[PDB]
Protein chains: 10
Amino acid sequence: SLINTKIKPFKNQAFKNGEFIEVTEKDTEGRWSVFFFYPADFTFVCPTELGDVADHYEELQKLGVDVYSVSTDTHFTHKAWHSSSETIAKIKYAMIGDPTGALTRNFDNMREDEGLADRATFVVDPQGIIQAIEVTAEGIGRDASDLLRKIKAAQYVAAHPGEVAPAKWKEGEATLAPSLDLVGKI
Amino acid sequence: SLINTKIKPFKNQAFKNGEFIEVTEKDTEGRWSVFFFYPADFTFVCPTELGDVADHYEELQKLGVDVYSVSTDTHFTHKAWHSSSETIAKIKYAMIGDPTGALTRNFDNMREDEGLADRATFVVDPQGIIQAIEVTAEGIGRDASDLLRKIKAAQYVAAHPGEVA
Amino acid sequence: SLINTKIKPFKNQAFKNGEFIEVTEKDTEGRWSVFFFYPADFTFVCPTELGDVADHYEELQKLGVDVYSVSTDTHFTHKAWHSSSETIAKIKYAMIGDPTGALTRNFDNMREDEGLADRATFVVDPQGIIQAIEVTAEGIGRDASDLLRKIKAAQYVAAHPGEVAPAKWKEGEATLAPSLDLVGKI
Amino acid sequence: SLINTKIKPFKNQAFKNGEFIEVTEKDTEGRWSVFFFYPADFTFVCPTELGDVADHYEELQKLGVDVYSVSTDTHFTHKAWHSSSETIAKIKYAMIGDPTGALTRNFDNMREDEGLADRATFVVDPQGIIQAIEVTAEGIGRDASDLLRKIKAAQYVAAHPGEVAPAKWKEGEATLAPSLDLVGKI
Amino acid sequence: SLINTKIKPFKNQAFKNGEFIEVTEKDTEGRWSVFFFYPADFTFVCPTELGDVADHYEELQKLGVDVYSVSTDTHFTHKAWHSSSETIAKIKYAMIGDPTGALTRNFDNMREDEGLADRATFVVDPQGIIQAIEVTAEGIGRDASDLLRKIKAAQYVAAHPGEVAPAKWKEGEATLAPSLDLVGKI
Amino acid sequence: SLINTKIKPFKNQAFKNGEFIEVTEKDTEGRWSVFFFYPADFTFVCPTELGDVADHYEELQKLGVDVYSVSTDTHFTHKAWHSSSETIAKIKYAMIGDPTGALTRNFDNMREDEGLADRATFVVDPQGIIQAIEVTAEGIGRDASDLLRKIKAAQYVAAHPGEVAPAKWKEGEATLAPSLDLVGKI
Amino acid sequence: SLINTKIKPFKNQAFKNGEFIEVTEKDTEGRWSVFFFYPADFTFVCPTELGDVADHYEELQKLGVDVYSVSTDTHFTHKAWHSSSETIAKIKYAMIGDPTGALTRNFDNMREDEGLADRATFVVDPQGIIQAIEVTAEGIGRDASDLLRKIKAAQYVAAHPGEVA
Amino acid sequence: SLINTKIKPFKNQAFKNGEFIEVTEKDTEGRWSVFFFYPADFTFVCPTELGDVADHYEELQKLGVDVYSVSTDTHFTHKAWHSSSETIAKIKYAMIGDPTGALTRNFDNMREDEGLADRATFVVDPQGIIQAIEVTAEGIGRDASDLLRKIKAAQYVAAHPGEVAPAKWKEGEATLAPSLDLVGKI
Amino acid sequence: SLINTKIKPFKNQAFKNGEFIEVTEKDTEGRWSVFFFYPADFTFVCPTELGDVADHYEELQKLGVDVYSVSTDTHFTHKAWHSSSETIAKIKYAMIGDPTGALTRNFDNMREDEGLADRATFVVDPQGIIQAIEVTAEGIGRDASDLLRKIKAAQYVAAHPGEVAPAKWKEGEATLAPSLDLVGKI
Amino acid sequence: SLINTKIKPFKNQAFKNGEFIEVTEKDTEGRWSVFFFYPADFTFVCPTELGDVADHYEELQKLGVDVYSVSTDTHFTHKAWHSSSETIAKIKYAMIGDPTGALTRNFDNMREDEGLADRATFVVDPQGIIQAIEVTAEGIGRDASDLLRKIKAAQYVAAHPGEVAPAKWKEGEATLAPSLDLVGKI
Ligand SMILES: [Cl-]
Ligand SMILES: [Cl-]
Ligand SMILES: [K+]
Ligand SMILES: [K+]
Ligand SMILES: [K+]
Ligand SMILES: [K+]
Ligand SMILES: [K+]
């Protein structure tokens, strides 16, 4: 999989808080990033997953995490969706348009026979390495709280090399210190 | 990704409740399955995660879900690990050995420079279709409760396609 | 060159008069067809050209001509655009979504570096043969009346094989009949 | 697709106002150029279209636009035709001969089974970029008035970048100024 | 060289005595044929040669020989030239138009850099076998009396097999009988 | 065809007036040359043709024209034939032997199934450019008077550039001056 | 075969006398080496053979010979096996883990359909040259005394090239 | 390695007890075989390894094991060596000559830059599967008694499937019975 | 290498005792054949060798051996040579002409830079198998007596399979009978 | 064909007069060399030919000619053969072993299906050029006296470049001098 690989260069237009901006990989350097892919704008389902990320966005920015939602629609479409839907209107992070499919293909996330991205979330660290990946079928919700947890854990191992976060790890809980004597002990 | 693709045929030995059994894709037919990959027996993060899945195993079995843990170690090694660790001894689901690495590569989950599988979880429906995928870096834990929630969502949308807004 | 070539098979979803439908090359067999490509929904030059075609749609249907607008946006986006623009709301012809870009490539009409189609119009006869092509750069509008004139002329020539319609030909004006005697005499 | 691509180099003999001249792409640089392809000298639809362009050549020159008609006949034949037809006699622009077919193939406009060019018109700006294309079937005549309209719109857009001419736009009519604000409003 | 090879199939339009016709390889079956290539209509050297052939056309028809002049101009152009020039107006043989160059290339007679044929003459027998070739350079005119001489000699060789026409063979002169005894005796 | 191409380099042994010599492309530089190919020594038709050329050899030498007869036999064989035949004994020009076939193939004149050259004559100018070609079939003899006619005409064209020899041009007859005014006047 | 070829570069983790160490070809330079491959930890034939080499290890060390056992299991597994079996606990030479299988394939010794090494022994001289090779089927035992004899013969011919008839 | 693979077909001449015979793989079917390779006949070293096998040959035949020694010399050379050396004279098994190198290459045992086989011994069971392999450098003796041991062990596991022979196994000694309960126990 | 390979099919014209004949491989079947290649007719070393074979042709015919001399000259040249040289005049065997070089290349005997065959002699048995080859440099003569010796030995060996003729073997001398017993004894 | 080609580089071990040596192409530079190939040591026809060459070895060394016998056997085998055959014991020239077959393939002399060389002899001059080749089938012996004759002739021609040695030429007999006058006169 693309776990533990570096993200590839990209250049896309985006809608962000009433403005059109350009995003490239250079904007991700030195930062934590979340690439949040979804198939299409303006479908008949409430865009809850994106709204749930927007609800957590202040906290994600406090942790220095930037969020980019991505679909193969244009930034023009994103802007109209943002005006037409109260849920989407809550989004203050960048909505990237990827009509060439190139960003989606960099993350190996294209449904080629449909021309739409799959429902994938990628966590990328400040050096561009992918640290977590989540892909679900339609109807299987992506929980923004499990995403926050994973990010906090990724930030923790980065700040404490020599330690690993066991299952269900949360802040305050015990970590493990990989060693010879710990081999076969747990 | 492999989302929404059918799992590939496989044939592997496993340790399960004190015996060595053979597992193939025919054992997954008509059942919900969780393929739980981890890098290596006799290490550290791997057992807490495996133990957390063992703690929910009764519940997963009430939902018609089978669990298969997979690493590139042999079934011999799993048996030995099951006898020596208190956390692993709780496991009652099948521990598959994948020394040729074929099952891992079928799930595109190999660390090729280490010969070990990445920390990946796959939810596979009764038709062999992969419905959820999770992969994390060495040190970021999986949450068995989030896995359960997803499995319940997957079962619900299968039973009731189209219930949305 | 796609002039005097046969259209290739396609299968696309479309928005037409409040519903979603499938459109394929078989729906064009036996009919006159206009494939009207444009780059993106929710932009500026695109709606005026599409509305202008919607104004001639009653006349075109009386001539047996079906209209298909095409962009690489999805059919969901078309529907949304249709509900929010007064200009697009008057479209009663099929709005095809081509997110894989396969129909656009069939017509060799993709801006590959943008993932959007160019501003191209094609006139296709009942046998699937393209009889007229028009392509313009981003800021130059098309004129549906010139489009109509070309369709009428195309119909005449199909209906009168040993005749040809000269420059600026309108219904009822003097046509020419290619022969040995007429050679070099105009 | 040739829209928005640069014309290729060429070198051809042409008949222009009683003399044979050489035309190359260097003659087109810094000028607006119309390449008017037609299938054959001493035929029927071909002269009426060429005469119609001649009727507008005074205005086109006034706007800095050069015209080049092109067929696979030789420049010798164009001269004989100029002398024998009262319509061709009024042509004051260069009548290019393309017997190798090289210029016709640069514009991808050969009828390979006939060795004759198709009825295509290309509008080229001072930088060599193709801004408008029109191709019609053998029996359908082109309309010089619509060619004029397009040239004027292409010239306007060159001069007012950030503006675009909507459908049916003519000199002295309202133009659109793309902005974030205007998206989805028309 | 193409001496003693079979002509390849062809299908070309032509002008012959005020009418347009189709010529193919079937029209030459069972007949003797002269393919007279020249570079271009409405030029200078070409008509004098074509006229010289026209003068000898009755004699040729008596010998069962058909003439086919060829250039890469169209049959429309040949008609106009036929009406235009007093030299060309006396041609009663078929003027083939070869705008695709296929017929010229079958006889490996194309000037690929000009798209015009060279000045070549081919004698073809009733079985389609080329028995004589003549190619001269741009500006050197051919002479039909030579052509007739070669034709008469070709026909004798066919009607009297086992004999050969020596240099300067004219009707009534001695012919050689190839044999073992004659080897090195001349 | 090879008309108006430059001869390729060659190196062959030859027999000339009781002596063996080497001939290369350098020996033809600055001179007019006639390459007279024939199929085989000690045959029947070949000597009569070679003799006919021998008769005209003084006239040719006055015009600065050198003769080179060629066959795929060796120079040893040419000598023996020179001693053996009264027709051949009168040849004072160089008899080239081309047993490798390289020289024959440079002139695309090989009968690949026999390993013998066809009956072809090539006129080459001082710059090595072929100005006239003649190929006849096994058994049709060539005529040197024709050859001289083509040679004299080739030389005039070279010494008076901007003029062209019409059909049947002989010394003293009118020549054409290619121009614009003359197009379609003949 | 690989007889008389130079061993290829490698980098692997090993268990040795209670610690994890890294082993590369630089540790073999200037020494006589025995590479002892076996299919899998926590099995049957493998330990008797490994124990027999452990019984001669003091002697092999008196002759300047280093021993490396190799299997496709991890160094973690070797450590666990060393703690649980009385036969393996006697091993004081390095137990190399080869999970990517690179060291095994360098010696052309992989059972590709099992992901396990074949039962092969290689004797490698101080210049990296392979001087003796032995490979046996599953179930045919290696003889550590025959190995010793060969190592002594290899050392003798190296010291005294040409002493024959 | 070739361990546990089937031997490939072969056809070689051999010297055996004063006679020349032919050996193919068909002679190995249903039998145990030992292929004993060695570099060359008639060198300056006493051929002890081959003599040591000859000393054990009666016993090997009682166990139904056939022996074939192989080098790239001819069977002619083997026969002369057998007459000249007392050690070689003891050999009653087949001495195969392999001058094409094909048998040696089937067992991947060629030193290609020398054209001699390496010092390899292969034990092959009645189904053609290689069960043991031994390769040594020069001076490192192959012990025929270790070979007998291996063979007895190979024959034993074949006769008692479900059992394996541990290290140093000899007849009378205990075997192991691969089972789950034995896992990690030894 | 051609020793012990079968001759390839061929079809050539030849001069034999005042007539031209066709020779093919079918003429060689069931006969012993000598293919005597030489570089050129009317040269120096070539006739002395050919005459020497002629001196032995009576004996060769008596032994059922046919002879074929071969060069790249034509059969016409062989006849002229037969008439002019008292040495060649005594040749009663077929003098094959190989102007395509095809027969010479079948025997791999072309001097590719000269288009002449090298001085090679091949002995072919009734089954088409080449049993003896001799090739010499340009200046070295072959000896027909040694050719005879070889033919007689090849015929003896055909007749006494299991026997061989040793060095210097001549009719009625001791021959060897290969056996195991004779190995290493001579 | 290896006639008149240069020998290729080689490096082989040999047995010569009681010792083992290396032989390469450099040992032949500046000397006359005979490469005498034979199939196998310890056989029947081979020794009589080799002994026969050993009988002329004193004469050959007086002529500056070195002899090399070659087989695919090893040099060890040669030595052994040398010690056991009365015939081989008289060989004082180098006996090359070619177990890789590389020298035999250089001379294109391998029986690939046997791994043995054919019965071929090559005469090589001081410049490494092969001047004579002889190959015979398995039972036909070579004659060293014919070999000597060819070497002498080869030496003469090298020593007298404008001369050639005819058929059956022996030292002192009449040689020929190729020239124009001698053509066709023998
Ligand atoms: Cl385009
Ligand atoms: Cl050969
Ligand atoms: K799209
Ligand atoms: K043309
Ligand atoms: K493993
Ligand atoms: K030839
Ligand atoms: K050999």
# chains A, B, ... in the order shown; residues from 1 in each chain; ligands from 1
call {"tool": "residues_around", "arguments": {"residues": "segment 26-33 of chain F", "least_positions_apart": "4", "cutoff": "9 Å", "atoms": "only C-alpha atoms", "output": "ChimeraX atom specification"}}
result
/F:9-10,63-68,122-128,151,155
call {"tool": "write_last_selection", "arguments": {"atoms": "N, CA and C atoms", "output": "PDB file, in the first residue's frame"}}
result
ATOM      1  N   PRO F   9      28.581   6.227 -55.469  1.00  0.00           N
ATOM      2  CA  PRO F   9      29.963   5.836 -55.753  1.00  0.00           C
ATOM      3  C   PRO F   9      30.110   4.365 -56.132  1.00  0.00           C
ATOM      4  N   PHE F  10      31.105   4.113 -56.967  1.00  0.00           N
ATOM      5  CA  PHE F  10      31.386   2.770 -57.441  1.00  0.00           C
ATOM      6  C   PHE F  10      32.849   2.630 -57.775  1.00  0.00           C
ATOM      7  N   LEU F  63      31.165  15.916 -77.971  1.00  0.00           N
ATOM      8  CA  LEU F  63      30.234  16.562 -77.051  1.00  0.00           C
ATOM      9  C   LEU F  63      30.666  16.427 -75.592  1.00  0.00           C
ATOM     10  N   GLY F  64      31.853  15.878 -75.349  1.00  0.00           N
ATOM     11  CA  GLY F  64      32.353  15.724 -73.990  1.00  0.00           C
ATOM     12  C   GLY F  64      31.668  14.597 -73.241  1.00  0.00           C
ATOM     13  N   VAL F  65      31.068  13.680 -74.003  1.00  0.00           N
ATOM     14  CA  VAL F  65      30.339  12.547 -73.406  1.00  0.00           C
ATOM     15  C   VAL F  65      31.177  11.275 -73.419  1.00  0.00           C
ATOM     16  N   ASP F  66      31.317  10.667 -72.259  1.00  0.00           N
ATOM     17  CA  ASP F  66      32.003   9.399 -72.115  1.00  0.00           C
ATOM     18  C   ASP F  66      30.975   8.257 -72.043  1.00  0.00           C
ATOM     19  N   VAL F  67      31.314   7.099 -72.614  1.00  0.00           N
ATOM     20  CA  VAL F  67      30.428   5.934 -72.597  1.00  0.00           C
ATOM     21  C   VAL F  67      30.994   4.860 -71.712  1.00  0.00           C
ATOM     22  N   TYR F  68      30.114   4.258 -70.920  1.00  0.00           N
ATOM     23  CA  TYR F  68      30.461   3.148 -70.077  1.00  0.00           C
ATOM     24  C   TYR F  68      29.420   2.039 -70.195  1.00  0.00           C
ATOM     25  N   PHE F 122      21.401   5.264 -68.991  1.00  0.00           N
ATOM     26  CA  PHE F 122      21.326   6.461 -68.141  1.00  0.00           C
ATOM     27  C   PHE F 122      22.245   7.594 -68.599  1.00  0.00           C
ATOM     28  N   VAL F 123      21.683   8.788 -68.784  1.00  0.00           N
ATOM     29  CA  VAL F 123      22.461   9.998 -69.094  1.00  0.00           C
ATOM     30  C   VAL F 123      22.753  10.736 -67.793  1.00  0.00           C
ATOM     31  N   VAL F 124      24.032  10.981 -67.528  1.00  0.00           N
ATOM     32  CA  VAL F 124      24.470  11.613 -66.280  1.00  0.00           C
ATOM     33  C   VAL F 124      25.240  12.881 -66.586  1.00  0.00           C
ATOM     34  N   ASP F 125      24.938  13.981 -65.894  1.00  0.00           N
ATOM     35  CA  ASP F 125      25.603  15.259 -66.215  1.00  0.00           C
ATOM     36  C   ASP F 125      26.905  15.408 -65.425  1.00  0.00           C
ATOM     37  N   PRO F 126      27.676  16.476 -65.720  1.00  0.00           N
ATOM     38  CA  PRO F 126      28.939  16.698 -65.025  1.00  0.00           C
ATOM     39  C   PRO F 126      28.819  16.752 -63.518  1.00  0.00           C
ATOM     40  N   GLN F 127      27.641  17.013 -62.966  1.00  0.00           N
ATOM     41  CA  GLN F 127      27.489  17.021 -61.506  1.00  0.00           C
ATOM     42  C   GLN F 127      26.940  15.714 -61.032  1.00  0.00           C
ATOM     43  N   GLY F 128      26.926  14.708 -61.902  1.00  0.00           N
ATOM     44  CA  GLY F 128      26.459  13.391 -61.474  1.00  0.00           C
ATOM     45  C   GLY F 128      24.953  13.183 -61.376  1.00  0.00           C
ATOM     46  N   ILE F 151      20.637  13.610 -75.220  1.00  0.00           N
ATOM     47  CA  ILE F 151      21.896  14.187 -74.767  1.00  0.00           C
ATOM     48  C   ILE F 151      22.048  15.641 -75.219  1.00  0.00           C
ATOM     49  N   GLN F 155      22.059  18.982 -72.696  1.00  0.00           N
ATOM     50  CA  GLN F 155      23.148  19.938 -72.669  1.00  0.00           C
ATOM     51  C   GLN F 155      22.683  21.367 -72.908  1.00  0.00           C
TER      52      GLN F 155
END
call {"tool": "residues_around", "arguments": {"residues": "residue 4 of chain A", "least_positions_apart": "2", "cutoff": "8 Å", "atoms": "only C-alpha atoms", "output": "list in words"}}
result
residues 2, 6, 129, 130 and 131 of chain A; 137 of chain B
call {"tool": "interface_residues", "arguments": {"of": "chain J", "to": "chain F", "cutoff": "9 Å", "atoms": "only C-alpha atoms", "output": "mmCIF file with C-alpha atoms, in the first residue's frame"}}
result
data_model
loop_
_atom_site.group_PDB
_atom_site.id
_atom_site.type_symbol
_atom_site.label_atom_id
_atom_site.label_comp_id
_atom_site.auth_asym_id
_atom_site.auth_seq_id
_atom_site.Cartn_x
_atom_site.Cartn_y
_atom_site.Cartn_z
ATOM 1 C CA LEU J 180 45.843 -9.055 -69.757
ATOM 2 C CA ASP J 181 47.688 -11.016 -72.496
ATOM 3 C CA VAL J 183 43.459 -14.085 -70.712
ATOM 4 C CA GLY J 184 41.767 -17.018 -72.485
#
call {"tool": "residues_near_ligand", "arguments": {"ligand": "ligand 2", "cutoff": "12 Å", "atoms": "only C-alpha atoms and all ligand atoms", "output": "PyMOL selection string"}}
result
(chain I and resi 1-6+107-109+120+122-123+129-135) or (chain J and resi 1-3+37+104-105+107-112+117-122+133-138)
call {"tool": "select_by_dssp", "arguments": {"residues": "segment 16-176 of chain F", "states": "alpha helix (DSSP H)", "output": "PyMOL selection string"}}
result
chain F and resi 45-55+57-62+75-84+102-106+144-159
call {"tool": "select_by_dssp", "arguments": {"residues": "segment 6-176 of chain J", "states": "strand (DSSP E)", "output": "PyMOL selection string"}}
result
chain J and resi 11-16+19-24+32-37+65-71+94-97+110-111+116-117+119-124+130-136
call {"tool": "write_last_selection", "arguments": {"atoms": "C-alpha atoms", "output": "short mmCIF file (atom, residue, chain, number, x, y, z; two decimals), in the first residue's frame"}}
result
data_model
loop_
_atom_site.label_atom_id
_atom_site.label_comp_id
_atom_site.auth_asym_id
_atom_site.auth_seq_id
_atom_site.Cartn_x
_atom_site.Cartn_y
_atom_site.Cartn_z
CA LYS J 11 44.28 -19.31 -25.11
CA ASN J 12 44.64 -23.05 -24.64
CA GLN J 13 46.72 -25.55 -22.63
CA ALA J 14 48.82 -28.02 -24.54
CA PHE J 15 51.08 -30.97 -24.19
CA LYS J 16 54.39 -30.59 -26.02
CA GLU J 19 55.58 -30.59 -20.75
CA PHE J 20 52.43 -28.60 -20.43
CA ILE J 21 52.26 -25.16 -21.98
CA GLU J 22 49.89 -22.33 -22.87
CA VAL J 23 49.33 -21.59 -26.58
CA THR J 24 47.62 -18.39 -27.77
CA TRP J 32 53.38 -20.38 -40.67
CA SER J 33 50.87 -22.57 -38.77
CA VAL J 34 48.98 -25.81 -39.31
CA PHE J 35 45.91 -26.40 -37.15
CA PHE J 36 45.11 -30.11 -37.38
CA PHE J 37 41.77 -31.02 -35.77
CA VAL J 65 55.89 -24.14 -40.13
CA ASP J 66 54.53 -24.91 -36.67
CA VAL J 67 52.03 -27.72 -36.11
CA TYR J 68 49.14 -27.78 -33.61
CA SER J 69 46.93 -30.85 -33.27
CA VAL J 70 43.59 -30.06 -31.59
CA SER J 71 40.83 -32.10 -30.00
CA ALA J 94 52.06 -29.18 -29.59
CA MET J 95 48.92 -31.18 -28.76
CA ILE J 96 46.27 -28.63 -27.81
CA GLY J 97 43.40 -29.51 -25.50
CA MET J 110 32.46 -28.56 -34.04
CA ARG J 111 30.13 -31.57 -34.36
CA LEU J 116 33.95 -33.40 -30.83
CA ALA J 117 35.73 -31.56 -33.67
CA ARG J 119 38.54 -33.88 -39.27
CA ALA J 120 39.73 -30.50 -40.52
CA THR J 121 43.16 -29.07 -41.41
CA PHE J 122 43.92 -25.33 -41.74
CA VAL J 123 47.00 -23.61 -43.18
CA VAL J 124 47.61 -20.18 -41.67
CA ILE J 130 43.88 -19.07 -43.52
CA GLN J 131 45.22 -19.99 -46.99
CA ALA J 132 43.95 -23.61 -47.22
CA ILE J 133 41.26 -25.72 -45.68
CA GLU J 134 40.57 -29.42 -45.84
CA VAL J 135 37.66 -31.27 -44.16
CA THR J 136 36.79 -34.96 -44.43
#
call {"tool": "interface_residues", "arguments": {"of": "chain B", "to": "chain H", "cutoff": "8 Å", "atoms": "only C-alpha atoms", "output": "list in words"}}
result
residues 19, 20, 76 and 80 of chain B
call {"tool": "write_last_selection", "arguments": {"atoms": "C-alpha atoms", "output": "mmCIF file, in the first residue's frame"}}
result
data_model
loop_
_atom_site.group_PDB
_atom_site.id
_atom_site.type_symbol
_atom_site.label_atom_id
_atom_site.label_comp_id
_atom_site.auth_asym_id
_atom_site.auth_seq_id
_atom_site.Cartn_x
_atom_site.Cartn_y
_atom_site.Cartn_z
ATOM 1 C CA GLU B 19 -4.835 -27.484 16.341
ATOM 2 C CA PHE B 20 -3.336 -26.820 12.916
ATOM 3 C CA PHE B 76 4.474 -23.285 14.204
ATOM 4 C CA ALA B 80 4.568 -21.413 20.268
#
call {"tool": "residues_near_ligand", "arguments": {"ligand": "ligand 3", "cutoff": "6 Å", "atoms": "only C-alpha atoms and all ligand atoms", "output": "VMD selection string"}}
result
(chain A and resid 72 to 73 99) or (chain C and resid 72 to 73 99)
call {"tool": "interface_residues", "arguments": {"of": "chain B", "to": "chain G", "cutoff": "8 Å", "atoms": "only C-alpha atoms", "output": "JSON, numbers by chain"}}
result
{"B": [40, 41, 42, 43, 72, 73, 74, 76, 77, 80, 99, 100, 101, 112, 113, 114, 115, 116]}
call {"tool": "residues_around", "arguments": {"residues": "residue 10 of chain B", "least_positions_apart": "3", "cutoff": "9 Å", "atoms": "only C-alpha atoms", "output": "mmCIF file with N, CA and C atoms, in the first residue's frame"}}
result
data_model
loop_
_atom_site.group_PDB
_atom_site.id
_atom_site.type_symbol
_atom_site.label_atom_id
_atom_site.label_comp_id
_atom_site.auth_asym_id
_atom_site.auth_seq_id
_atom_site.Cartn_x
_atom_site.Cartn_y
_atom_site.Cartn_z
ATOM 1 N N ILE B 7 -11.729 -10.774 -2.881
ATOM 2 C CA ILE B 7 -10.509 -11.354 -2.397
ATOM 3 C C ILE B 7 -10.073 -12.461 -3.293
ATOM 4 N N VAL B 23 -6.755 -23.208 5.915
ATOM 5 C CA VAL B 23 -7.710 -22.159 5.569
ATOM 6 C C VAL B 23 -7.567 -21.767 4.115
ATOM 7 N N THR B 24 -8.686 -21.702 3.409
ATOM 8 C CA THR B 24 -8.693 -21.184 2.039
ATOM 9 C C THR B 24 -9.839 -20.193 1.943
ATOM 10 N N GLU B 25 -9.981 -19.553 0.785
ATOM 11 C CA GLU B 25 -11.060 -18.622 0.559
ATOM 12 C C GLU B 25 -12.436 -19.298 0.636
ATOM 13 N N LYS B 26 -12.510 -20.615 0.472
ATOM 14 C CA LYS B 26 -13.796 -21.293 0.590
ATOM 15 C C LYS B 26 -14.340 -21.208 2.016
ATOM 16 N N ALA B 102 2.277 -14.739 0.156
ATOM 17 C CA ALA B 102 1.263 -14.691 -0.891
ATOM 18 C C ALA B 102 -0.072 -14.084 -0.430
ATOM 19 N N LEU B 103 -0.519 -14.448 0.768
ATOM 20 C CA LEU B 103 -1.770 -13.893 1.277
ATOM 21 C C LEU B 103 -1.578 -12.370 1.532
ATOM 22 N N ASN B 106 -1.576 -10.610 -1.758
ATOM 23 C CA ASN B 106 -2.902 -10.567 -2.310
ATOM 24 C C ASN B 106 -3.651 -9.375 -1.805
#
call {"tool": "atom_distance", "arguments": {"atom1": "atom CA of residue 46 of chain D", "atom2": "atom CA of residue 39 of chain E"}}
result
24.0 Å
call {"tool": "decode", "arguments": {"residues": "segment 86-94 of chain H", "atoms": "N, CA and C atoms", "output": "mmCIF file, in the first residue's frame"}}
result
data_model
loop_
_atom_site.group_PDB
_atom_site.id
_atom_site.type_symbol
_atom_site.label_atom_id
_atom_site.label_comp_id
_atom_site.auth_asym_id
_atom_site.auth_seq_id
_atom_site.Cartn_x
_atom_site.Cartn_y
_atom_site.Cartn_z
ATOM 1 N N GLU H 86 45.397 -48.829 -11.578
ATOM 2 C CA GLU H 86 44.892 -49.921 -10.740
ATOM 3 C C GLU H 86 43.667 -49.505 -9.953
ATOM 4 N N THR H 87 43.624 -48.249 -9.537
ATOM 5 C CA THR H 87 42.495 -47.727 -8.775
ATOM 6 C C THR H 87 41.229 -47.714 -9.631
ATOM 7 N N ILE H 88 41.355 -47.166 -10.839
ATOM 8 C CA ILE H 88 40.250 -47.066 -11.752
ATOM 9 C C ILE H 88 39.839 -48.464 -12.197
ATOM 10 N N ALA H 89 40.804 -49.371 -12.326
ATOM 11 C CA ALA H 89 40.545 -50.765 -12.684
ATOM 12 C C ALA H 89 39.597 -51.459 -11.698
ATOM 13 N N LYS H 90 39.511 -50.968 -10.476
ATOM 14 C CA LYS H 90 38.573 -51.558 -9.568
ATOM 15 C C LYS H 90 37.105 -51.267 -9.865
ATOM 16 N N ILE H 91 36.830 -50.258 -10.708
ATOM 17 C CA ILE H 91 35.453 -49.796 -11.008
ATOM 18 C C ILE H 91 34.680 -50.770 -11.898
ATOM 19 N N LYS H 92 33.527 -51.205 -11.415
ATOM 20 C CA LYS H 92 32.637 -52.068 -12.154
ATOM 21 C C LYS H 92 31.317 -51.363 -12.499
ATOM 22 N N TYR H 93 31.134 -50.136 -12.039
ATOM 23 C CA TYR H 93 29.957 -49.334 -12.358
ATOM 24 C C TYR H 93 30.218 -48.594 -13.647
ATOM 25 N N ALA H 94 29.181 -47.976 -14.217
ATOM 26 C CA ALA H 94 29.294 -47.263 -15.492
ATOM 27 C C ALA H 94 30.041 -45.949 -15.403
#
